[PDB]
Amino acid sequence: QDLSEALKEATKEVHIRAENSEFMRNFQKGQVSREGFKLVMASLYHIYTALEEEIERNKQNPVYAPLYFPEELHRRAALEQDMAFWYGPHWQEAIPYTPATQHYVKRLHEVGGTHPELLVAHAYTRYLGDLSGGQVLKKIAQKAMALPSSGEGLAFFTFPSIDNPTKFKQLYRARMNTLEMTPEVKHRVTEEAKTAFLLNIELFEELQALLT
């Protein structure tokens, strides 16, 4: 198969499980509070920071380089605005850094530092959902918490350098399909995408526990 198809098939079952975690079921129903939302967003701040640091480190490596779209995709600067919005001018002192977020960040550093050929698993898992279902959660969050259409507090979910999320996803898939790909790399990429989903599920189960 093509790498973009392999990855979609490989993660379709775990996507179903992730969508139905308690935290995400509550989110989807509009039951997301400012408390829960700040927890998850601060956690994403550390995750995208590590992911994008490792993307920087490996930007010239042919095992990742074709997916190098900082201007279009990178989320850290957006996450920093959201952090100043949600936690105030001293957000760096204030934001939580949970065990599950730490675990996800540590795997991101291992992949980026020792297994860069798997980095595409982690970019795929985060960015492509951001450009899909993340747009649906954005509308739900705005309605649940009364966030203005103008976008404050939801910069993470807004891609000002992408005209069309769907056409962009399609370009990105096509580029994923030009990575030099052996059966070895392909097997391990799809397995690493399953682990990335699990890391997100464990984050959700932890935030949920923290909230109840």
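The term rigid core refers to the maximal set of C-alpha atoms that superpose within 1.5 Å between the two forms. Just count from 1 along the sequence shown to find any residue number.
A fit on the rigid core, followed by a root mean square over CA positions in 8 other deposited structures of this protein, ranks 132-140 against 77-85 and picks 132-140 as the more shifted one.
After superposing on the rigid core, the larger RMS C-alpha deviation in 8 other deposited structures of this protein belongs to 141-149, the other candidate being whichever of 141-149 and 160-168 remains. Taking the PDB entry as given, 31-39 carries the higher mean Cα B factor of the two stretches 31-39 and 45-53.
If you average the C-alpha B-factors over 116-124 and over 98-106, the higher value belongs to 98-106.
Between the residues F69, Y64, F168, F157, the entry's highest C-alpha temperature factor is the one at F168. For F23, the recorded CA temperature factor ranks within the highest third of the chain's modelled residues. In the PDB entry, a CA B factor belonging to the lowest third of its chain's modelled residues is recorded for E191. When the modelled residues of the chain are ordered by their C-alpha B factor, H74 lands in the lowest third.
Per-chain ranking of the deposited C-alpha B factor places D130 in the lowest third. Ranked against the other modelled residues of its chain, the C-alpha B-factor of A146 as given in the entry falls in the lowest third.
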